[PDB]
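Here's input34.tsv, which has TSV, C-alpha atoms and all ligand atoms:
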```tsv
chain	number	residue	atom	x	y	z
A	1	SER	CA	76.02	301.27	168.08
A	2	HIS	CA	77.86	298.46	169.85
A	3	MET	CA	80.47	301.10	170.61
A	4	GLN	CA	77.56	303.37	171.59
A	5	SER	CA	76.13	300.91	174.11
A	6	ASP	CA	79.59	300.10	175.54
A	7	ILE	CA	80.07	303.84	176.05
A	8	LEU	CA	76.71	304.06	177.87
A	9	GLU	CA	77.74	301.21	180.19
A	10	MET	CA	81.04	302.85	181.12
A	11	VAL	CA	79.51	306.33	181.54
A	12	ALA	CA	77.12	304.93	184.17
A	13	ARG	CA	80.16	303.52	186.03
A	14	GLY	CA	81.77	306.99	186.18
A	15	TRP	CA	84.01	306.94	183.04
A	16	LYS	CA	84.40	309.58	180.32
A	17	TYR	CA	84.95	308.59	176.67
A	18	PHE	CA	87.49	310.49	174.58
A	19	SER	CA	89.28	309.56	171.34
A	20	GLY	CA	88.99	305.80	171.73
A	21	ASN	CA	89.88	305.63	175.43
A	22	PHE	CA	87.88	305.59	178.65
A	23	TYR	CA	88.99	307.83	181.51
A	24	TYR	CA	88.11	307.61	185.19
A	25	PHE	CA	88.37	310.83	187.20
A	26	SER	CA	88.20	309.74	190.80
A	27	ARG	CA	85.79	310.91	193.50
A	28	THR	CA	88.29	310.40	196.36
A	29	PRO	CA	92.02	311.06	196.87
A	30	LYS	CA	94.68	308.37	197.11
A	31	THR	CA	98.44	308.07	197.16
A	32	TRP	CA	99.94	307.53	193.73
A	33	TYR	CA	100.58	303.84	194.54
A	34	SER	CA	97.08	303.20	195.84
A	35	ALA	CA	95.55	304.99	192.85
A	36	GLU	CA	97.55	302.86	190.41
A	37	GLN	CA	96.40	299.73	192.21
A	38	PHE	CA	92.82	301.00	191.98
A	39	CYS	CA	93.20	301.54	188.25
A	40	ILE	CA	94.61	298.02	187.88
A	41	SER	CA	91.61	296.63	189.76
A	42	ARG	CA	89.51	298.44	186.94
A	43	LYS	CA	91.57	296.78	184.11
A	44	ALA	CA	93.24	300.17	183.65
A	45	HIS	CA	96.32	302.23	184.56
A	46	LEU	CA	96.90	305.77	185.70
A	47	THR	CA	96.67	307.72	182.46
A	48	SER	CA	99.57	308.35	180.12
A	49	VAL	CA	99.60	311.55	178.00
A	50	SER	CA	100.52	310.71	174.42
A	51	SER	CA	99.66	313.89	172.47
A	52	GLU	CA	98.87	317.56	172.99
A	53	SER	CA	95.23	316.75	172.22
A	54	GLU	CA	95.10	314.25	175.09
A	55	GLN	CA	96.83	316.70	177.45
A	56	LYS	CA	94.23	319.38	176.61
A	57	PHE	CA	91.35	317.00	177.38
A	58	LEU	CA	92.93	315.96	180.67
A	59	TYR	CA	93.82	319.42	181.94
A	60	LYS	CA	90.39	320.88	181.16
A	61	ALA	CA	88.67	317.98	182.92
A	62	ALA	CA	91.05	318.17	185.90
A	63	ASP	CA	89.75	321.73	186.43
A	64	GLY	CA	92.80	323.03	188.27
A	65	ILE	CA	92.54	320.35	191.01
A	66	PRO	CA	95.64	318.14	191.44
A	67	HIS	CA	95.11	314.76	189.76
A	68	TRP	CA	97.70	311.97	189.68
A	69	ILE	CA	98.69	310.74	186.23
A	70	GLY	CA	100.73	307.64	185.48
A	71	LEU	CA	104.26	309.12	185.23
A	72	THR	CA	106.74	308.22	187.94
A	73	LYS	CA	110.46	308.50	188.51
A	74	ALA	CA	112.40	305.32	189.20
A	75	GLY	CA	113.63	306.70	192.49
A	76	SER	CA	115.13	310.17	192.85
A	77	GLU	CA	117.88	309.49	190.27
A	78	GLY	CA	116.10	307.58	187.49
A	79	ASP	CA	114.26	308.62	184.35
A	80	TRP	CA	110.53	309.23	184.21
A	81	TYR	CA	108.33	306.51	182.69
A	82	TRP	CA	104.64	305.64	182.13
A	83	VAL	CA	103.22	302.87	184.27
A	84	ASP	CA	101.09	301.74	181.29
A	85	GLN	CA	104.33	300.83	179.42
A	86	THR	CA	103.95	303.29	176.56
A	87	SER	CA	107.26	305.00	175.77
A	88	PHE	CA	107.78	308.35	177.52
A	89	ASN	CA	108.62	311.27	175.18
A	90	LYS	CA	110.78	313.43	177.40
A	91	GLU	CA	111.32	316.09	174.72
A	92	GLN	CA	107.61	316.76	174.29
A	93	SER	CA	107.20	316.86	178.05
A	94	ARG	CA	108.89	320.25	178.05
A	95	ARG	CA	105.52	321.49	176.75
A	96	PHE	CA	103.66	319.83	179.68
A	97	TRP	CA	105.77	320.43	182.82
A	98	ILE	CA	104.98	323.58	184.77
A	99	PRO	CA	108.13	325.69	184.21
A	100	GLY	CA	110.72	324.77	186.81
A	101	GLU	CA	109.30	321.24	187.03
A	102	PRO	CA	110.22	318.52	187.63
A	103	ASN	CA	111.50	320.22	190.82
A	104	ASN	CA	113.38	317.08	191.96
A	105	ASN	CA	111.67	311.34	198.22
A	106	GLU	CA	109.64	309.35	195.68
A	107	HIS	CA	108.53	311.31	192.61
A	108	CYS	CA	105.18	311.20	190.83
A	109	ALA	CA	103.50	313.54	188.32
A	110	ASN	CA	100.15	315.23	188.83
A	111	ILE	CA	98.21	317.67	186.68
A	112	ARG	CA	97.33	320.70	188.74
A	113	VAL	CA	96.74	323.75	186.58
A	114	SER	CA	94.22	324.41	183.84
A	115	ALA	CA	96.92	325.06	181.23
A	116	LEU	CA	99.04	323.06	178.78
A	117	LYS	CA	102.04	323.38	181.14
A	118	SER	CA	100.34	321.70	184.07
A	119	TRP	CA	102.44	318.78	185.37
A	120	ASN	CA	103.89	319.00	188.88
A	121	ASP	CA	106.47	316.66	190.43
A	122	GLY	CA	105.04	315.73	193.83
A	123	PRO	CA	105.78	313.23	196.59
A	124	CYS	CA	104.11	309.94	195.70
A	125	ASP	CA	102.64	309.55	199.18
A	126	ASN	CA	100.48	312.71	198.84
A	127	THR	CA	96.76	311.95	198.60
A	128	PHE	CA	95.28	313.45	195.41
A	129	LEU	CA	92.40	312.73	193.07
A	130	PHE	CA	93.60	310.60	190.14
A	131	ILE	CA	92.85	309.65	186.51
A	132	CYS	CA	92.70	306.11	185.09
A	133	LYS	CA	92.76	305.32	181.38
A	134	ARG	CA	91.64	302.15	179.69
A	135	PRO	CA	91.69	301.73	175.89
A	136	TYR	CA	88.42	300.90	174.19
A	137	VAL	CA	88.67	297.38	172.76
B	1	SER	CA	125.00	276.25	181.78
B	2	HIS	CA	122.96	279.43	181.24
B	3	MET	CA	120.55	278.18	183.91
B	4	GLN	CA	123.08	278.52	186.73
B	5	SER	CA	124.21	281.93	185.52
B	6	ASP	CA	120.56	283.04	185.30
B	7	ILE	CA	120.00	282.00	188.91
B	8	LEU	CA	123.23	283.58	190.07
B	9	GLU	CA	122.30	286.83	188.34
B	10	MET	CA	119.13	287.17	190.43
B	11	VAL	CA	120.86	286.03	193.62
B	12	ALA	CA	123.45	288.81	193.15
B	13	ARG	CA	120.57	291.30	192.91
B	14	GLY	CA	119.34	290.13	196.31
B	15	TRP	CA	116.73	287.49	195.39
B	16	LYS	CA	116.38	284.04	196.90
B	17	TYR	CA	115.95	281.14	194.53
B	18	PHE	CA	113.53	278.42	195.63
B	19	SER	CA	111.85	275.64	193.64
B	20	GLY	CA	111.37	277.35	190.27
B	21	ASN	CA	110.76	280.94	191.49
B	22	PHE	CA	112.76	283.96	192.63
B	23	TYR	CA	111.77	285.76	195.84
B	24	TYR	CA	112.70	289.27	196.97
B	25	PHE	CA	112.55	289.77	200.75
B	26	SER	CA	112.60	293.52	201.19
B	27	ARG	CA	114.93	295.57	203.36
B	28	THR	CA	112.59	298.52	203.87
B	29	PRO	CA	108.89	298.60	204.84
B	30	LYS	CA	106.15	299.86	202.53
B	31	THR	CA	102.42	300.02	202.32
B	32	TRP	CA	100.89	297.08	200.46
B	33	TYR	CA	100.21	299.29	197.41
B	34	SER	CA	103.72	300.69	197.27
B	35	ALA	CA	105.18	297.21	197.82
B	36	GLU	CA	103.15	295.84	194.89
B	37	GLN	CA	104.27	298.70	192.65
B	38	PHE	CA	107.87	297.96	193.65
B	39	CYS	CA	107.42	294.30	192.70
B	40	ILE	CA	105.89	295.36	189.37
B	41	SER	CA	108.91	297.60	188.66
B	42	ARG	CA	111.03	294.41	188.99
B	43	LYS	CA	108.73	292.41	186.61
B	44	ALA	CA	107.31	290.66	189.67
B	45	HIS	CA	104.27	290.67	192.00
B	46	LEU	CA	103.77	290.36	195.73
B	47	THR	CA	104.09	286.61	196.28
B	48	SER	CA	101.30	284.09	195.89
B	49	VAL	CA	101.35	280.85	197.94
B	50	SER	CA	100.31	277.65	196.18
B	51	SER	CA	101.65	274.80	198.35
B	52	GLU	CA	102.60	273.75	201.86
B	53	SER	CA	106.31	273.70	200.95
B	54	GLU	CA	106.15	277.25	199.56
B	55	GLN	CA	104.28	278.43	202.70
B	56	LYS	CA	106.98	276.81	204.87
B	57	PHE	CA	109.79	278.41	202.85
B	58	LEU	CA	108.13	281.82	203.26
B	59	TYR	CA	107.34	281.69	206.95
B	60	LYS	CA	110.80	280.37	207.86
B	61	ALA	CA	112.48	283.17	205.91
B	62	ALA	CA	110.07	285.84	207.25
B	63	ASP	CA	111.34	285.00	210.78
B	64	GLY	CA	108.23	286.19	212.64
B	65	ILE	CA	108.35	289.67	211.07
B	66	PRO	CA	105.20	290.86	209.25
B	67	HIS	CA	105.67	290.63	205.48
B	68	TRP	CA	103.12	291.62	202.86
B	69	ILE	CA	102.08	288.91	200.41
B	70	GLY	CA	100.02	289.20	197.28
B	71	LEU	CA	96.55	288.37	198.62
B	72	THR	CA	93.90	291.10	198.75
B	73	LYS	CA	90.19	291.79	198.51
B	74	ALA	CA	88.62	295.00	197.18
B	75	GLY	CA	86.68	296.39	200.13
B	76	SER	CA	85.65	294.39	203.21
B	77	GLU	CA	83.26	292.50	200.97
B	78	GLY	CA	85.06	291.16	197.89
B	79	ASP	CA	86.42	287.63	197.56
B	80	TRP	CA	90.14	287.26	198.21
B	81	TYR	CA	92.39	286.99	195.16
B	82	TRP	CA	96.08	286.79	194.19
B	83	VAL	CA	97.49	289.84	192.42
B	84	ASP	CA	99.58	287.62	190.12
B	85	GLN	CA	96.23	286.22	188.94
B	86	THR	CA	96.89	282.68	189.96
B	87	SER	CA	93.82	280.90	191.25
B	88	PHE	CA	93.02	281.26	194.95
B	89	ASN	CA	92.45	277.88	196.63
B	90	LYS	CA	90.05	278.77	199.45
B	91	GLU	CA	90.06	275.30	201.01
B	92	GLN	CA	93.86	275.12	201.07
B	93	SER	CA	94.01	278.62	202.61
B	94	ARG	CA	92.31	277.43	205.80
B	95	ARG	CA	95.56	275.71	206.76
B	96	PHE	CA	97.43	279.04	206.42
B	97	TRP	CA	95.27	281.67	208.13
B	98	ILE	CA	96.02	282.45	211.78
B	99	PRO	CA	93.23	280.88	213.90
B	100	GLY	CA	90.31	283.31	214.01
B	101	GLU	CA	91.13	284.85	210.60
B	102	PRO	CA	90.21	286.46	208.27
B	103	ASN	CA	88.33	299.29	205.13
B	104	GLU	CA	91.33	298.06	203.10
B	105	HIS	CA	92.14	294.31	203.30
B	106	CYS	CA	95.60	292.85	202.53
B	107	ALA	CA	97.24	289.64	203.79
B	108	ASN	CA	100.61	289.52	205.55
B	109	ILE	CA	102.60	286.56	206.88
B	110	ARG	CA	103.42	287.35	210.47
B	111	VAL	CA	104.09	284.17	212.48
B	112	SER	CA	106.89	281.61	212.22
B	113	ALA	CA	104.32	278.86	211.73
B	114	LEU	CA	102.14	277.29	209.05
B	115	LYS	CA	99.14	279.23	210.38
B	116	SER	CA	100.59	282.69	209.76
B	117	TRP	CA	98.40	284.81	207.41
B	118	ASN	CA	96.86	287.99	208.89
B	119	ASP	CA	94.25	290.28	207.33
B	120	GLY	CA	95.63	293.77	207.82
B	121	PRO	CA	95.03	297.36	206.66
B	122	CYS	CA	96.76	297.91	203.31
B	123	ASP	CA	98.14	301.30	204.46
B	124	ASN	CA	100.25	299.66	207.22
B	125	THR	CA	104.00	299.77	206.51
B	126	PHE	CA	105.59	296.29	206.54
B	127	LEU	CA	108.44	294.45	204.87
B	128	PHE	CA	107.25	292.57	201.79
B	129	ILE	CA	107.96	289.57	199.52
B	130	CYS	CA	107.99	289.69	195.73
B	131	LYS	CA	107.87	286.58	193.52
B	132	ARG	CA	109.00	286.22	189.89
B	133	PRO	CA	108.85	282.80	188.19
B	134	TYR	CA	112.06	281.55	186.59
B	135	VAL	CA	111.52	281.26	182.84
B	136	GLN	CA	114.29	279.72	180.79
C	1	CL	CL	86.88	307.17	193.26
C	2	CL	CL	100.42	303.83	199.47
C	3	CL	CL	113.98	296.91	199.72
```
Would you give me this structure, written as structure tokens?
Ligand SMILES: [Cl-]
Ligand SMILES: [Cl-]
Ligand SMILES: [Cl-]
Amino acid sequence: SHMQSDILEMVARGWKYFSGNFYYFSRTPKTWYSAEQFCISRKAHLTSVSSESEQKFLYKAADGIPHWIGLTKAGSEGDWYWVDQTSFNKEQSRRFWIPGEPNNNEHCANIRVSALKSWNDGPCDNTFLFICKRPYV
Amino acid sequence: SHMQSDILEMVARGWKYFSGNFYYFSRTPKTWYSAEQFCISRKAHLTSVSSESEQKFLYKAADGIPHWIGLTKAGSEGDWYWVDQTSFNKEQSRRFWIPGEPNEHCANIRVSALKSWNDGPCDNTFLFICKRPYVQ
């Protein structure tokens, strides 16, 4: 009810509700850095992917169009991490990377196929649609 | 004791220490967005400016070279604000904008003078300045 009217407010602002989080699928493309700053300006972050269930929601909604998510590599030689400061599960990510990815500039992940294995490692300065997440509180 | 080794640890990473804060003057240019994400990765933000003495420290060190700072407005129409969420003192700012000033809007320091802030497109590539408070 109060959750229901909060959902209605966010839906009118372009957000989708799923499993206790709000998601913003953008209408225009941005670099990974600019998209993260846009999500911050919306009290959000580029989305993390914490479960197979969340990955399935994201890839279906992304509809085979590249969408930035919030995983980035600390330069070409670092580990991958989530900008929202949840801990990255690199072992499960073997179920999410497109085979052969990360291909290994600056390195940023985007969802680009309508399958479970959908993450691509792409140059962070490419301009793609993007996906913010903000937990419902 | 630990205070001097704390300061020396950041200085050895390439930060300047000035009056209670660490500053990172970058070696490579970036867009404003990429510079802010770099500062975040170092537990920092693009610098705010909250006094005359801080403004003077920054413009002297910037040496007339454009440097991003942490002031922005969302679209040509929002109010200006500091990304580190400190309060923006509009009245004080009038002593820091270049005379005449102020799609994407981001401030950079670009003159070796007190009046040195420029309103520039966020997708320009400039050197930048991070700030991290010293907490003991
Ligand atoms: Cl958008
Ligand atoms: Cl950018
Ligand atoms: Cl640098």
Inset, instruction - Using all atoms listed in the file, find which residues of chain B lie within 9 Å of chain A and jot them down as an MDAnalysis selection string. - result: chainID B and resid 31:37 41 74 123
Legend entry - Computed interatomic separation between CA of residue 127 in chain A and CA of residue 68 in chain A (Å):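 These atoms are spaced 9.0 Å apart.
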Inset, instruction - Name the residues, by chain letter and number, that sit within 8 Å of ligand CL 3 (chain C) using all atoms listed in the file, and give them as number ranges by chain. - result: B: 25-29, 127
Write a file of the just-selected residues containing C-alpha atoms, as a PDB file, in the coordinates of the input.
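Result file is part.pdb:
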```
ATOM      1  CA  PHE B  25     112.550 289.770 200.750  1.00  0.00           C
ATOM      2  CA  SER B  26     112.600 293.520 201.190  1.00  0.00           C
ATOM      3  CA  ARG B  27     114.930 295.570 203.360  1.00  0.00           C
ATOM      4  CA  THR B  28     112.590 298.520 203.870  1.00  0.00           C
ATOM      5  CA  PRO B  29     108.890 298.600 204.840  1.00  0.00           C
ATOM      6  CA  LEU B 127     108.440 294.450 204.870  1.00  0.00           C
TER       7      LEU B 127
END
```
Legend entry - Cut-off 8 Å, only C-alpha atoms and all ligand atoms, neighbours of ligand CL 1 (chain C) as an MDAnalysis selection string: chainID A and resid 25:29 129
Inset, instruction - Would you mind telling me which residue in B:94, B:67, B:2, B:115 lies nearest to residue 47 in chain B when using all atoms listed in the file? - result: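 Nearest to residue 47 in chain B: B:67.
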